[PDB]
Amino acid sequence: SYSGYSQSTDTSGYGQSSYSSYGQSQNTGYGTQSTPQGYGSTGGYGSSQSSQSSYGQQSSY
Amino acid sequence: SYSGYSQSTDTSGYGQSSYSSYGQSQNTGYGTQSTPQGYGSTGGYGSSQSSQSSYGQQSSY
Amino acid sequence: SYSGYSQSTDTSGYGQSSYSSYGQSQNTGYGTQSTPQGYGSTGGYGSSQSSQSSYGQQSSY
Amino acid sequence: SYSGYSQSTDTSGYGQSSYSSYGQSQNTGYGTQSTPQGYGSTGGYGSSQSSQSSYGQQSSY
Amino acid sequence: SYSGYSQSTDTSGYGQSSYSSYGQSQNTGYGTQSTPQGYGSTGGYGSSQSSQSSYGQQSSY
Amino acid sequence: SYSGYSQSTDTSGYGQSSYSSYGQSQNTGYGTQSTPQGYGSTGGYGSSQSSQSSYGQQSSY
Amino acid sequence: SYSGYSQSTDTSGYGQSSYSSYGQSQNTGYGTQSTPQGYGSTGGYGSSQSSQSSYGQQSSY
Amino acid sequence: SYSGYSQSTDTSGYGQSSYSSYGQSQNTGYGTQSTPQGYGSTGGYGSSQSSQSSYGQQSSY
Amino acid sequence: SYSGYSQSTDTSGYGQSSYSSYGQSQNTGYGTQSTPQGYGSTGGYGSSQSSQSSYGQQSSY
């Protein structure tokens, strides 16, 4: 809570990734994937009191 | 809560990613994926008290 | 909580990965994978009191 | 909690991996794999009191 | 809790691995594997009191 | 808890492995393997009081 | 707990192995193997009081 | 607990092995093997009081 | 507990073995073998009070 530097929180979506490809190459993201549901990536330091759920996630067929 | 630097929170959508491709190359994002539902990426540090849910997410067919 | 440096938390989505490929090469992300559901990647240091669940995750067929 | 450096926590998604491939080569991510469900990668140092579960994860058929 | 350096915790997803391949070579990630469920990779030093379970993980058929 | 250096804990996913291959060579990850379930890789030094289980893990058929 | 150096704990996934192969060679990971279930690789020095179990692990058929 | 150097504990996954192969050669990991279940590789010096079991491990058929 | 140097404990997975092969040669890991179950490789010096068992380990058919 006190003195925070380089604070970066990310559940999905290339949190911290660069130079995926260079020159001739096929750059394709994740593709098929289901991210959280409800409190995806709990950020905002201080207090996180919640409740959620998910049952039926599908990506690409 | 006190002294915050480089504070960046992102659940999905390339949180911190650059130089995905260079020159000849096919740059394709994630493609098929379902992000949170309700409190996606809890930011705004201070307090996060909520409740949600989701059951029936589909991406591309 | 006091004095924080290089603080980076990421459950999925290439937390900290660079130079995946260079020049001629096929850069393909994860592909088929299901990330958390509810409190995916618990960040925001301070307190995390929640409850969730998920039973029915599918990626690519 | 006091004096933190090089603090990086990641359950999946190449936590800390670079130079996966160079020049002619096929760069393919994990492929088929199911990440946590509920409290995937418990970060945000301070306190983590939760409960979750998951029974029915599938990746690629 | 006091004085922390080079603190990096990762359950799966190449925790700390670089130079997987160089030049002509086939770079393939794990492939088929199921990561934790519930409290995957317990990070955020301070206290981790939770409970979870999972019975039905499948990767690639 | 006091004075910590080179602290890196990883259950699976090449904890600390580099230079897997060089030049002409087939770089293939683990392949078929099931990681923990519940409290995979107990990190965050301080206290870890939990309970979990898993019976039905399969990787590649 | 006091004065810690070169502290690295890893149950599976090449804890500390480099230069697996060089030049012409087939680099293949473990292949078929099931890692712990519940408290895989008990890290986070301080206290580890838990209970778990697993009966039904399979890797590759 | 006091003054710790070169502290590295690993149950499986090449704890401390390098230069597995050089030049023309077939580098194959363990292959078929089942790692612990429950408290695989008890690390985090300080105290480890738990209980677990496993009866039904199979690797490759 | 006091003054520890070159402390490395590993039950399986080439604890401390290097230069397995050089140049033309077939580098094959253990192959078929079942590692502990429950408290595999009791590390974390300080105290280890647990109980476990396993009856039904198979590697490769």
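Below, the figures for the structure above:
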{"item": "Estimated distance in nm for a label pair at H:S47 and I:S17, the labels positioned 7 Å out from Cα along Cα-to-Cβ", "result": "3.8 nm"}
{"item": "Efficiency of FRET between G:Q24 and H:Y61 - r from beta-carbon atoms, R0 25 angstrom, step 0.05", "result": "0.25"}
{"item": "In Hz, Karplus ³J(HN,Hα) per residue of segment G:17-32 (6.51, -1.76, 1.60; θ = phi - 60°; x = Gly, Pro)", "result": "9, 10, 6, 4, 8, 9, x, 3, 4, 9, 8, 10, x, 3, x, 10"}
{"item": "C-alpha center-to-center spacing [segment B:4-58, segment F:1-36] in angstrom", "result": "26 Å"}
{"item": "Debye intensity ratio I(q)/I(0), log10, chain I, q values 0.11, 0.15, 0.22, 0.30 Å⁻¹ (C-alpha model)", "result": "-0.44, -0.73, -1.07, -1.34"}
{"item": "Selection from C:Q49, G:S17, E:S1 lying farthest towards where the dipole of the protein assembly as shown points positive, charges on Cβ", "result": "C:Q49"}
{"item": "Formal net charge of residues neighbouring C:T9 (Cβ-Cβ distance under 11 Å; K, R +1; D, E -1)", "result": "-4"}
{"item": "Length-normalised contact order of chain F in % [C-alpha pairs under 8 Å, at least 6 apart]", "result": "35 percent"}
{"item": "Convex hull projection area averaged over all views, the protein assembly as shown, Cα basis, nm²", "result": "19.8 nm²"}
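Read-outs: derived from the displayed coordinates by stated rules, not from any lab. Please note: Cβ atoms are built from the backbone with ideal geometry, for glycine as well, and neighbour counts cover all protein chains shown.
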